[PDB]
Number of protein chains: 2
Amino acid sequence: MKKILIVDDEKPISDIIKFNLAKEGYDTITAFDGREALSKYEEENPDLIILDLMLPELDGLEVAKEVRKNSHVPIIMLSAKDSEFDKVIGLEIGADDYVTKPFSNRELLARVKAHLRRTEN
Amino acid sequence: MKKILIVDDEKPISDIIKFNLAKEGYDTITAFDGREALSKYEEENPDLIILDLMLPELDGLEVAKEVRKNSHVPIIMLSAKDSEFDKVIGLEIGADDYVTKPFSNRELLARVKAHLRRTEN
C-alpha cells in the first residue's frame, strides 16, 4: 500500500484526513510539528506528504525545503492562508500542490490519487 | 525550451495565458476546440497542456481521455465549474491539476512550473 504522511497541528483535521485516506486503502502516519514531520519523513519513507503550512517549531515551507534537499516525494500543502502570494511561494519552494482550508475531502483524496499516479508514470 | 499547449475557446483568456507563459520563456501553441487540441497535441508534442473544460467539438474531459490513451503529459484543467464534483471527475479522468476560473496568472504559472518540474524528476 501507499503511505501518506499527514502533518497538521490540529488533531481534528488530521483525523479526518487520516480516516478518509484509510477508507481508500492508504497507510497513514501522522506528525503534528515540523520537526516531527521531518523525522517521520526520514524514518518511514512516505509516498506522499500532506503538509500544513502553519506548524510548531518549523513551518510547512521550512519542512518542504528540507524534504527537497533529498527527495522528490510529492507534497500537497494545506493552508488557511489563501493568498495568491502564499500559493506561489509554496509551489516555488517545491510543493507539488497547494490546497486551502476549508477543503473538500474528496477533492484532496483525488489530488492524492492524481499525484501518486504521476510518481508511477 | 518547454512547449505549452493552451486550449480554450475564449481567445481573450487564451491570449492572457499565452502572454504570461511567453514572458516566462515558454513556447506556446493554441487550440480553440477539443478536436484541434488533439491534433495539435499529436503533431506538436507539448510538454504540458492547459485544457479548458467547456470546449466546443469535444469537451476537456474527452480531450483528456483521448490524450491519456497514449501519454502521461501533464494536464492542467481550467474550469468555470467551481463544484467539488467537477474537480474530482477531472482529476479521476487523468487531469494532473484542476484550476477554477477566474484564476491568478502567477498561480497558474507556478503550477505550470511545478508540474513540468515533476516530469524532470
Side-chain angles (χ1 to χ4, degrees), chain A residues 82 84 87-88 91 96-100 104 106-107 110-111 113-115 117-118 121, chain B residues 1-119:
Chain A
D82 55 342
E84 164 194 61
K87 293 153 154 322
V88 169
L91 293 164
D96 305 277
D97 198 350
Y98 198 110
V99 177
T100 65
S104 140
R106 245 160 207 290
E107 197 195 338
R111 281 176 187 287
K113 251 175 97 153
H115 292 288
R117 148 186 87 211
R118 276 210 83 174
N121 298 335
Chain B
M1 27 192 293
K2 291 309 190 208
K3 195 200 298 315
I4 316 300
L5 174 55
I6 299 146
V7 11
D8 205 317
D9 47 296
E10 297 165 87
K11 208 196 152 250
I13 299 170
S14 182
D15 291 341
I16 287 148
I17 298 164
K18 207 177 165 77
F19 169 85
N20 264 307
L21 283 169
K23 213 131 207 218
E24 293 275 40
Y26 292 116
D27 190 25
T28 68
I29 57 171
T30 59
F32 305 87
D33 61 53
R35 297 250 145 242
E36 181 187 18
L38 290 175
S39 59
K40 282 251 169 55
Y41 147 75
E42 268 145 55
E43 71 205 13
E44 298 226 48
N45 195 22
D47 306 281
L48 189 148
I49 309 177
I50 305 184
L51 179 60
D52 187 36
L53 179 68
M54 293 336 195
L55 294 183
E57 266 320 282
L58 56 137
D59 80 339
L61 299 175
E62 295 290 332
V63 178
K65 254 292 163 155
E66 300 292 340
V67 166
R68 280 291 167 256
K69 287 168 154 55
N70 296 279
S71 79
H72 296 131
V73 65
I75 295 174
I76 303 188
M77 291 199 83
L78 296 197
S79 169
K81 302 228 244 202
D82 186 15
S83 147
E84 145 185 303
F85 250 107
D86 310 301
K87 283 147 163 178
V88 167
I89 316 287
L91 286 179
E92 274 289 355
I93 287 305
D96 299 284
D97 206 333
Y98 198 107
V99 174
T100 52
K101 287 154 145 177
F103 55 89
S104 138
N105 262 264
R106 304 114 289 278
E107 201 200 331
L108 180 60
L109 255 292
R111 281 168 188 286
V112 163
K113 234 159 91 155
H115 288 283
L116 292 169
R117 150 179 89 219
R118 277 202 90 172
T119 307

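Sequence lines set the chain letters: A, B, ... in the order given, protein chains first and strands last, and positions in each chain run from 1. Note: hydrogens, waters and symmetry copies are ignored here, and every other heavy atom, side chains too, is used.
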Practice item. Calculate, to the nearest 0.5 Å, the distance between atoms NZ and CD1 belonging to B:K18 and B:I29 respectively. Key: 8.0 Å

Check your understanding: Hey, is A:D82 close enough to A:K87 for a salt bridge, meaning N to O under 4.0 Å?
Key -> no

Practice item. Give the C-alpha distance, both sets of side-chain angles, the deciding distance and a yes or no for side-chain contact (heavy atoms from CB on, under 4.5 Å) between B:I17 and B:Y26. Key: CA-CA 11 Å; B:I17 298 164; B:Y26 292 116; over 6 Å; no

Revision key, fill the gap. Residues B:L21 and B:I50: closest non-hydrogen pair is CD1-CD1, 4.1 Å

**Study point:** Euclidean distance, B:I16 CD1 relative to B:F103 CZ, rounded to 0.5 Å
**Key:** 7.0 Å

**Study point:** Nearest heavy atoms of B:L91 and A:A114, plus distance in Å
**Key:** CD2-CB, 4.1 Å

Review point. Looking only at heavy atoms, which two atoms of B:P46 and B:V73 are closest? And how far apart?
Key: O-CG2, 3.2 Å

Point to revise | Heavy-atom pair with the smallest gap, counting every atom of B:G90 and B:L61 | key: CA-CD2, 3.8 Å

Revision key, fill the gap. Closest non-hydrogen contact found for B:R68 with B:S71 is NH1-O, 2.7 Å

Check your understanding: Quick check: does any side chain N or O of A:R118 sit under 3.5 Å from a backbone N or O of B:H115, one acting as donor and the other as acceptor?
Key -> yes

**Study point:** Spatial distance of atom CG (B:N20) from atom CG (B:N105) [nearest 0.5 Å]
**Key:** 4.0 Å

Practice item. List the atom of B:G34, the atom of B:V63, and the distance in Å for their closest heavy-atom pair. Key: CA-CG2, 3.5 Å

Check your understanding: Side chains of B:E44 and B:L5: closer than 4.5 Å at any heavy-atom pair?
Key -> no

Review point. More than 12 heavy atoms of other residues, nucleotides or ligands under 6.0 Å from NZ of B:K113: is that the case?
Key: no

Check your understanding: Any side-chain heavy-atom pair from B:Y98 and B:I89 closer than 4.5 angstrom?
Key -> no

Practice item. Would you mind reporting whether B:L116 and B:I4 have side-chain heavy atoms less than 4.5 Å apart? Key: yes

**Study point:** salt_bridge(A:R111, A:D96) N-O dist < 4.0 Å
**Key:** no

Check your understanding: Is a salt bridge present between B:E84 and A:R106, judged by a nitrogen-to-oxygen distance below 4.0 Å?
Key -> no

Exercise for review: State whether the side chain of B:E92 and the backbone N or O of B:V88 hold a donor-acceptor pair below 3.5 Å, judged by distance alone.
Suggested key: no

Practice item. Report yes if some heavy atom in the side chain of B:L55 is under 4.5 Å from a heavy atom in the side chain of B:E62; otherwise report no. Key: no

Review point. Taking atom NZ of B:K101 as the centre, does the number of heavy atoms from other residues, nucleotides or ligands within less than 6.0 Å exceed 12?
Key: yes

**Study point:** Stepwise side-chain contact (heavy atoms from CB on, under 4.5 Å) check, B:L48 with B:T119
**Key:** CA-CA 10 Å; B:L48 189 148; B:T119 307; over 6 Å; no

Point to revise | Passing candidate, side chain to side chain contact (heavy atoms under 4.5 Å, CB included) with B:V7, options B:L78, B:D33, B:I49, B:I75 | key: B:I49

